[PDB]
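Engineer: Here is my input, please return the structure:
(chains A and B)
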Amino acid sequence: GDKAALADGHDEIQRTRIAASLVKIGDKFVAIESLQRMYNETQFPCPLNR
Amino acid sequence: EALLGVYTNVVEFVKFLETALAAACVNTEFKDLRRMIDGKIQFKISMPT
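Structural biologist: Numbers count the residues shown, from 1 in each chain, chains lettered A, B, ... in the order given. For reference, the structure is listed below:
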């Protein structure tokens, strides 16, 4: 019963079709990303490059 | 004595557009090419932040 009220945002919210990259590790699916485009175009440093 | 065979060569015509180097350049015909002084290329680089 509590799950019906714990999920207070995510009943009504319309689903959609988003594209990215996926992978299988064990039995838990991970999305893989790179942040090239957000920090190569604009002469700002990528925060992952520690 | 005799003349058995008198033989020569033929040079087969090889033009430019038939070679696949012509995929590395974009050929535009132009007529009066001595009349030109220069060309100009006008870029526009926008850049977000």
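Engineer: which residues sit in contact with the closest residue to chain B within chain A?
Structural biologist: Of all residues in chain A, residue A:42 sits closest to chain B, at 5.8 Å by Cβ to the nearest Cβ. C-beta: built from backbone N, CA, C; applies to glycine. Contacts for residue A:42 were tallied using Cβ atoms under 8 Å, 6 or more residues apart in numbering or on different chains; they are B:47-49.
Engineer: a helix runs through it, doesn't it?
Structural biologist: No - read with DSSP: H, G, I helix; E, B strand; the rest coil, residue A:42 is coil and lies in no helix.
Engineer: returning to what we had before: got the contacts of residue A:42 as a markdown table, with secondary structure and neighbour count columns?
Structural biologist: Converted to a markdown table, the contacts of residue A:42 look like this (DSSP: H, G, I helix; E, B strand; the rest coil; neighbours: other Cβ atoms under 10 Å in any protein chain shown):
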| residue | secondary structure | neighbour count |
| --- | --- | --- |
| B:47 | coil | 7 |
| B:48 | coil | 7 |
| B:49 | coil | 6 |
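Engineer: List just the nearest of these to residue A:31.
Structural biologist: Taking Cβ to Cβ as the measure, residue B:48 is the one of those closest to residue A:31, at 24.6 Å.
Engineer: And the residue nearest the centre of the chain?
Structural biologist: Defaulting to chain A. In chain A, the centroid-proximal residue (Cα atoms, centre = their mean) is residue A:31; its distance is 6.9 Å.
Engineer: That was the other one, I meant chain B.
Structural biologist: Centre-most residue of chain B, counting by Cα atoms, centre = their mean: residue B:16, 4.7 Å.
Engineer: can you pull the contacts of that one?
Structural biologist: B:22, B:27.
Engineer: And residue B:2, by the same measure?
Structural biologist: Contacts of residue B:2 by Cβ under 8 Å, 6+ apart: none found.
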